[PDB]
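Worksheet: one structure, shown below.
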Amino acid sequence: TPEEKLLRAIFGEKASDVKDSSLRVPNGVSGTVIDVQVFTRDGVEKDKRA
Amino acid sequence: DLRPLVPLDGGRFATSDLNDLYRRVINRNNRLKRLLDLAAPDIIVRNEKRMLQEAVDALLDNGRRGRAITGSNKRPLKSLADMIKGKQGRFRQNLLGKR
Amino acid sequence: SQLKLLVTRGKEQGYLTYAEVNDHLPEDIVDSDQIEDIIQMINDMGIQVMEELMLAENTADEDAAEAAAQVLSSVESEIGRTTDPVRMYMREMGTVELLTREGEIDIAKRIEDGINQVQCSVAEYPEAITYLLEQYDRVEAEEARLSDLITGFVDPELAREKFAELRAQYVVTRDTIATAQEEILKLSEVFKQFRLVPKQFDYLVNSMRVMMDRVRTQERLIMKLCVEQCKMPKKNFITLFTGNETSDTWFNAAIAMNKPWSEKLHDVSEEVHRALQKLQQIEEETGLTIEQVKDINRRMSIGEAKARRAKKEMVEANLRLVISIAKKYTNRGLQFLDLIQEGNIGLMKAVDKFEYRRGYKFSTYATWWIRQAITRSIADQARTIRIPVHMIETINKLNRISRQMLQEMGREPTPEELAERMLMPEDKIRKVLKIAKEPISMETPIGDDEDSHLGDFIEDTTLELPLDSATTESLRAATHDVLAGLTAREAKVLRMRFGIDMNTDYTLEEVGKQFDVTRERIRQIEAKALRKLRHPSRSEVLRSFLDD
Amino acid sequence: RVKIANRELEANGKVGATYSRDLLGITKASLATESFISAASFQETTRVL
Amino acid sequence: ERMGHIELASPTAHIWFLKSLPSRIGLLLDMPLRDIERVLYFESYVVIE
Amino acid sequence: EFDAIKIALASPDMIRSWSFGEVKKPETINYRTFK
């Protein structure tokens with residue numbers, strides 16, 4: 001928009017071309033992460049932690 | 001945006017039945033225009049006019065003249081009259097008591 | 001009737017069960033649909049019907065009570081009253097004779113003569129033959145495709161000489177305008193051995209129709225001015241107008257009548273003289289008289305109607321044929337009557353393209369065209385998000401190679417396996433099988449407590465949260481403050497360069513024209529102001545709007 | 001309605017209408033409502049509209 | 001909020017005003033219901049003056 | 001803001017005045033680019 005425009009042109013912090021949609025813990029829940037399982041589509045590069 | 005067609009998870013859209021009913025009215029109306037401009041055999045034209053009438057009545061109030069059509073997943077498509085009336089309609093369940 | 005006692009019985013008891021309704025029905029009511037509709041009648045009035053402290057309410061009525069009672073008394077005699085489309089159509093289609101066992105060739109001969117009458121009717125027209133010589137010269141002078149005038153005959157160069165010969169014959173017919181009658185018969189017999197392109201023939205017919213319409217419109221301008229405004233008498237205008245049609249005596253020697261009506265057409269006198277000169281002028285624009293071309297297209301419309309009144313019969317028989325054929329796709333996401341309608345349209349299509357010259361029976365070929373058109377309309381209008389027809393064929397061959405690969409490979413197809421067995425690149429098959437699935441209805445009954453539906457949980461991804469509108473108005477106020485801490489130079493130039501509290505943000509040159517200074521000064525000024533704003537005491541308040 | 005009309009006529013010189021009071025059930029005294037919005041709310045909506 | 005319109009090439013009776021019981025179309029012309037729905041689906045003809 | 005709610009039939013000219021354009025084709029959206 002406008003003046004948000006001016007506030008990014010002043011402090012020069014770019015507008016990132018990506019939106020944040022990460023999976024975060026619910027509100028109120030507080031527990032250790034006892035497991036992590038990663039599935040992938042067939043023929044897709046597994047990341048470092050898969 | 002009252003009869004929306006919304007993207008779900010997986011690319012499989014989700015639509016209100018009013019799109020089905022508007023589509024069935026529009027196809028039949030275009031076909032009646034076609035047949036009228038072909039000088040078609042007037043019994044076929046009678047059938048087209050009758051089907052278009054039934055479609056407009058399913059659109060206005062389904063299950064009010066014959067049997068509800070249909071629906072695509074074997075359950076009566078809801079029309080504008082169904083959108084107003086009924087215990088699970090619009091005058092009652094979000095008009096008098098809402099979230 | 002007996003249903004009267006049934007209605008009063010239900011009103012006595014306050015209800016009506018399926019047993020008593022099955023008893024008290026008209027015995028020969030064999031129609032379950034009218035059964036459902038009559039129970040819906042007896043219920044839609046109230047009493048309510050069931051199947052077995054019943055104190056809820058009545059809901060109705062003194063107005064609709066006698067309405068439904070009247071409908072019941074009538075429906076006691078409703079013998080042939082199915083009253084639904086699919087059965088009404090079957091009735092009115094079986095009712096018509098199946099009078100087609102190689103009478104198709106007789107119907108075809110009827111069409112053959114009727115379509116040659118229109119041929120000779122047009123071909124007797126001078127200006128159309130002028131148009132044809134025109135298009136022979138243009139199509140051979142490269143105005144269109146070299147065969148963009150004729151559909152063969154009973155050869156580029158001997159055909160061009162043939163058409164030069166026809167051109168000579170017709171132009172001498174024009175030369176010898178009695179003497180013109182024999183030469184126009186020459187014209188007709190010399191064109192009678194040819195065959196045009198049906199599109200050029202179609203424009204021919206439409207031009208004849210515009211001739212007819214304009215001649216009748218000048219007819220209206222003649223008549224309605226006096227025959228419909230001054231009340232020009234009917235039979236005298238008949239015996240004088242048609243019967244003369246050329247001279248000044250029909251109007252100029254009729255204004256001198258001084259009759260009760262000839263004392264009424266001096267108003268339109270010059271107007272009907274304009275109509276007279278238009279008559280004779282349009283006779284030129286067509287070349288021959290109005291009467292001649294008029295009766296020409298009259299007999300042509302006779303032949304065309306004669307042809308059409310036989311396609312009707314054969315489409316009756318072949319529409320029984322189409323209701324036969326259509327029933328292989330009753331569960332293709334399309335209505336049965338819509339299937340039959342597409343089949344009927346394709347049937348007319350094939351009837352105008354059926355040929356006796358191969359001696360082939362009608363059904364095997366009309367069913368070809370009908371299966372074509374019906375699968376076409378299925379692929380076209382059976383799915384809300386229209387995928388084109390080739391995509392439907394591709395998903396079909398994918399499915400057909402899927403059942404096969406399942407019954408063989410045991411476990412299931414997969415994009416690797418399918419890209420193996422099929423000839424696709426392993427990824428457009430991915431998108432194909434992504435595309436095939438149907439949108440689930442937004443009124444799906446969810447598995448919840450409130451009778452909830454799938455349309456209640458579809459959230460909204462376009463709305464801006466009121467913490468994010470009150471985090472924009474706070475920003476507008478903060479920037480208006482921090483800009484107020486500045487000269488009118490910086491403030492005005494920054495509100496103008498950006499879109500702040502203003503319309504469209506201008507470029508540098510527009511800011512300069514507003515300040516009468518060149519763009520580089522504007523850039524220096526705005527950079528100066530941003531430098532001034534970057535430091536704290538002007539940056540602390542704006543920066544808190546940045547959670548980054 | 002009849003009350004107010006014949007009352008303002010009684011103020012006039014003309015004889016009012018001799019009414020006779022009915023008596024309905026709640027599910028029919030509610031059926032007769034002036035405003036079609038509420039009536040469409042708790043009744044057969046198609047009939048009301 | 002914007003609305004569209006489909007232009008029916010043939011007319012089409014409003015089912016609310018043909019099955020409202022009494023049929024408003026029917027009780028306006030004083031033509032009984034089955035006659036109306038018999039001229040409707042082309043089962044018969046109806047003279048018009 | 002607004003007084004009573006008026007109701008009546010709808011003239012075809014009134015229904016043409018409501019609309020912002022005719023609907024001629026039974027197309028919802030494109031299947032690849034969902035516009």
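In the structure tokens, the first chain shown is A, the next is B, and so on; residue numbers restart at 1 for each chain, and ligands run from 1 in the order shown.
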
Closest atom pairs, residues of chain B within 12 Å of chain D, only C-alpha atoms, as CSV:
```
residue,atom,partner,partner_atom,distance
B:60,CA,D:46,CA,10.7
B:61,CA,D:46,CA,9.2
B:64,CA,D:46,CA,10.7
B:80,CA,D:46,CA,10.9
B:81,CA,D:46,CA,7.5
B:82,CA,D:46,CA,9.8
B:83,CA,D:45,CA,10.8
B:84,CA,D:45,CA,7.5
B:85,CA,D:45,CA,5.6
B:86,CA,D:45,CA,8.3
B:87,CA,D:42,CA,9.3
B:88,CA,D:41,CA,11.8
B:89,CA,D:41,CA,9.9
B:90,CA,D:41,CA,9.0
B:91,CA,D:41,CA,5.4
B:92,CA,D:41,CA,6.2
B:93,CA,D:41,CA,10.0
B:94,CA,D:41,CA,11.4
B:95,CA,D:41,CA,8.9
B:96,CA,D:41,CA,8.6
B:97,CA,D:41,CA,11.8
```

Please identify all polymer residues within 8 Å of residue 18 (chain F), counting only C-alpha atoms, omitting same-chain residues fewer than 2 positions from it, and present them as a compact mmCIF listing (two decimals) with C-alpha atoms, in the first residue's frame.
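Generated file (selection18.txt):
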```
# COMPACT_ATOMS: atom_id res chain seq x y z
CA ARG E 2 -23.48 -7.78 -8.40
CA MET E 3 -26.09 -9.95 -10.05
CA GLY E 4 -26.34 -11.47 -13.49
CA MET F 14 -36.29 -4.44 -13.25
CA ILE F 15 -34.49 -7.78 -13.37
CA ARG F 16 -32.44 -6.49 -16.30
CA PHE F 20 -24.53 -6.22 -14.45
```

Problem set entry | Expected answer as an NGL selection string: chain C residues within 9 Å of chain B, only C-alpha atoms | :C and (33 or 36-37 or 83-86 or 88-89 or 92-93 or 308-309 or 311-313 or 315-316 or 319 or 333-334 or 337-338 or 341-342 or 344-345 or 348 or 381 or 384 or 434-443 or 451 or 454-455 or 458)

Exercise. Which neighbours of residue 195 (chain C) fall inside 8 Å, counting only C-alpha atoms, when residues of the same chain fewer than 3 positions from it are skipped, and could you give them as a PyMOL selection string?
Worked result: chain C and resi 150-154

Exercise. So how many Å separate CA of residue 22 (chain B) and CA of residue 382 (chain C), to one decimal?
Worked result: 13.1 Å

For this session: Within chain A, find each residue whose DSSP state, derived from the backbone, is helix (DSSP H, G or I), and express the selection as a PyMOL selection string.
Result: chain A and resi 4-10

For this session: Pull out every residue of chain A that has at least one atom within 12 Å of chain C, counting only C-alpha atoms, and report them as a PyMOL selection string.
Result: chain A and resi 1-16+41-43

Those same residues, written as a PDB file, in the first residue's frame with C-alpha atoms?
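After the write, selection.pdb holds the following:
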```pdb
ATOM      1  CA  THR A   1       0.000   0.000   0.000  1.00  0.00           C
ATOM      2  CA  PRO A   2       0.991   3.633   0.551  1.00  0.00           C
ATOM      3  CA  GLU A   3       2.789   4.779   3.676  1.00  0.00           C
ATOM      4  CA  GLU A   4       3.737   1.169   4.399  1.00  0.00           C
ATOM      5  CA  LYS A   5       5.467   1.794   1.060  1.00  0.00           C
ATOM      6  CA  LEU A   6       7.264   4.784   2.564  1.00  0.00           C
ATOM      7  CA  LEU A   7       8.169   2.809   5.691  1.00  0.00           C
ATOM      8  CA  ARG A   8       9.806   0.148   3.544  1.00  0.00           C
ATOM      9  CA  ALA A   9      11.502   2.757   1.351  1.00  0.00           C
ATOM     10  CA  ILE A  10      12.886   4.501   4.428  1.00  0.00           C
ATOM     11  CA  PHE A  11      14.277   1.538   6.352  1.00  0.00           C
ATOM     12  CA  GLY A  12      14.895  -0.303   3.081  1.00  0.00           C
ATOM     13  CA  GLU A  13      13.770  -3.687   4.391  1.00  0.00           C
ATOM     14  CA  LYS A  14      12.710  -5.463   1.199  1.00  0.00           C
ATOM     15  CA  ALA A  15       9.338  -7.171   0.775  1.00  0.00           C
ATOM     16  CA  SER A  16      10.006 -10.896   0.846  1.00  0.00           C
ATOM     17  CA  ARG A  41       6.511 -37.689  -2.816  1.00  0.00           C
ATOM     18  CA  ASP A  42       8.204 -40.295  -4.969  1.00  0.00           C
ATOM     19  CA  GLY A  43      11.013 -38.746  -6.971  1.00  0.00           C
TER      20      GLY A  43
END
```

For this session: Compute the set of chain F residues within 6 Å of chain E, using only C-alpha atoms, and express it as a ChimeraX atom specification.
Result: /F:19-23

Write a file of the selected residues as an mmCIF file, in the first residue's frame, keeping C-alpha atoms.
```cif
data_model
loop_
_atom_site.group_PDB
_atom_site.id
_atom_site.type_symbol
_atom_site.label_atom_id
_atom_site.label_comp_id
_atom_site.auth_asym_id
_atom_site.auth_seq_id
_atom_site.Cartn_x
_atom_site.Cartn_y
_atom_site.Cartn_z
ATOM 1 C CA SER F 19 -28.008 -7.394 -13.486
ATOM 2 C CA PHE F 20 -24.533 -6.216 -14.451
ATOM 3 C CA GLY F 21 -24.431 -8.430 -17.527
ATOM 4 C CA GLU F 22 -25.953 -11.455 -19.214
ATOM 5 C CA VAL F 23 -24.629 -14.952 -18.550
#
```

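The set of residues in chain F assigned to strand (DSSP E) by DSSP, using only backbone atoms of this structure, is residues 19, 20, 21 and 22 of chain F.
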
For this session: Would you list the contacts of residue 16 (chain D) as a VMD selection string, taking every protein, DNA or RNA residue within 8 Å and counting only C-alpha atoms, but skipping same-chain residues closer than 3 positions in sequence?
Result: chain D and resid 5 to 7 9 to 10
